[PDB]
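Next up: a single chain in structure tokens, the form deposited in one PDB entry.
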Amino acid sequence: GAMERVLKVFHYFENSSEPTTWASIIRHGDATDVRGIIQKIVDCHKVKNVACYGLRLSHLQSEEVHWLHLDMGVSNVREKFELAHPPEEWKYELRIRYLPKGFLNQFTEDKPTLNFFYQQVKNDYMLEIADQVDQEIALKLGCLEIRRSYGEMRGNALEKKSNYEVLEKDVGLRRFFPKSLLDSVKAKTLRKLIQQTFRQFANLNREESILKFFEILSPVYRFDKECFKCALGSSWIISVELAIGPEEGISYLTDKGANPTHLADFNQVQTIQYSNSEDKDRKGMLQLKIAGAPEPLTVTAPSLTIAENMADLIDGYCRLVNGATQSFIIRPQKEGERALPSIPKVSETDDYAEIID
């Protein structure tokens, strides 16, 4: 629009508000790209690992997700998805998506990022598995968040009923523990289990609490890779599940619980070329030219949305491991080749992004 260019971006940089509420309001221009939106948010929190962050668009009433590539124009994206469904039904969310090898060690030297990643993974934990994990695991993770959140509290404070009551009655234990834990244990017993569990973590500082949380969660929940149902090959097409992450590089899965089988490291990917089959129901294809392999790795995704999301992921990792700011995706030249959509074809410039605090 003209004055409709105000974008709300939800994020995981903590403040005193409601977590479901953490967001920045950004006024942008007609030429601002995703890269500019990301940069402005993360520089405001003094992030070092800028290359880790992406922007995910989801429809509040679908499981569908759109990862917005850094070079996509904001107004282009908004106009395209506002043709599908109106503005109020979309959520734009800043997320860490491209993890360096050894990400935890690296994030320890960038506290805003370590904290953001923690809040991100905690949110997904509480939403997707906290009601199902072992109650001992849910007790410990909840106790760690208490320890981290109330950093100045003396380590034995929760032994006092009057202190525990503030968490139970005023704050709400739902902030830290799943409904199923709270609905299934008597209140007095829950109090005792919390007080006791908390003792093993009572002397941990905020960073140590965060690192302990990841240590305890990693066994029961993978938050360091994404998986895609797709198919590999150019002649014979074999259906697979790809597992993409810092430990896997690009891998494929075989048996439930077996180590993934390695295909390629991110640092061997030279180019990424996107194409669409010419079928009435067009297929999304990615060709990855891999250093040392004469044939490209060809991936056929079940939809164009999925292929675009996979391209964002793989390109993000290429940029990250090579320390590059530019994309490795190459321009379409032949029949059926495609670019990713919505790329365009002191603060009065039309790419300005400004946070409205």
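The first residue of the shown sequence is 1; numbering continues from there. For the two forms, the rigid core is made up of the largest set of C-alpha atoms that agree within 1.5 Å on superposition.
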property: Count class of deposited residues lacking coordinates, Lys345 to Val346; result: 10 or more
property: Stretch exceeding the other in mean C-alpha B-factor - 203-211, 184-192; result: 184-192
property: Segment of higher mean CA temperature factor, 18-26 or 5-13; result: 18-26
property: Selection from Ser251, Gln106, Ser277, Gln270 [criterion: highest C-alpha temperature factor in the record]; result: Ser277
property: Residue selected from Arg148, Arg97, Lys179, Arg154 by maximal Cα B factor; result: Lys179
property: Ranked C-alpha temperature factor of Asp315 among modelled chain residues, by third; result: lowest
property: Chain third (lowest, middle, highest) by recorded CA B-factor, residue given as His85; result: highest
property: Third of the chain's Cα B-factor distribution that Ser62 belongs to, per the entry; result: highest
property: Modelled-residue ranking by C-alpha temperature factor, third containing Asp265; result: lowest
property: Third of chain Cα B-factors occupied by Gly172; result: middle
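Here the subject shifts to the form deposited with a partner chain bound, a form of this protein not shown in this document.
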| property | result |
| --- | --- |
| Among the candidates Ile137, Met153, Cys227, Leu193, the residue which, in the bound PDB entry, approaches its partner chain to within 4.5 Å (heavy atoms) | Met153 |
| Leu167, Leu253, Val185, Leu232 - the one with a heavy atom within 4.5 Å of its partner chain in the bound PDB entry | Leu167 |
| Region of this chain that lies against its partner chain in the bound PDB entry, out of 233-241, 270-278, 101-109, 156-164 [heavy atom, 4.5 Å] | 156-164 |
| Interface membership of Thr197, its partner chain in the bound PDB entry, 4.5 Å heavy atom rule | no |
| 4.5 Å heavy atom contact, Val171 to its partner chain in the bound PDB entry | yes |
| Contact of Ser218 with its partner chain in the bound PDB entry (heavy atom, 4.5 Å) | no |
| Contact test in the bound PDB entry: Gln120 vs its partner chain, heavy atoms, 4.5 Å | no |
| Shifted position (C-alpha, 2 Å or more, core held fixed) between this form and the one not shown, chosen from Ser184, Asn156, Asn259, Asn105 | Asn259 |
| Core superposition between this form and the one not shown, C-alpha change of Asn276 at least 2 Å | yes |
| Shift of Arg35 between this form and the one not shown at or above 2 Å (CA, core fit) | no |
| Relative Cα spacing, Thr21 and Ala31, in the bound PDB entry - shift of 3 Å or more | closer |
| Cα separation of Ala31 and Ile96 in the bound PDB entry versus here, shift of 3 Å or more | closer |
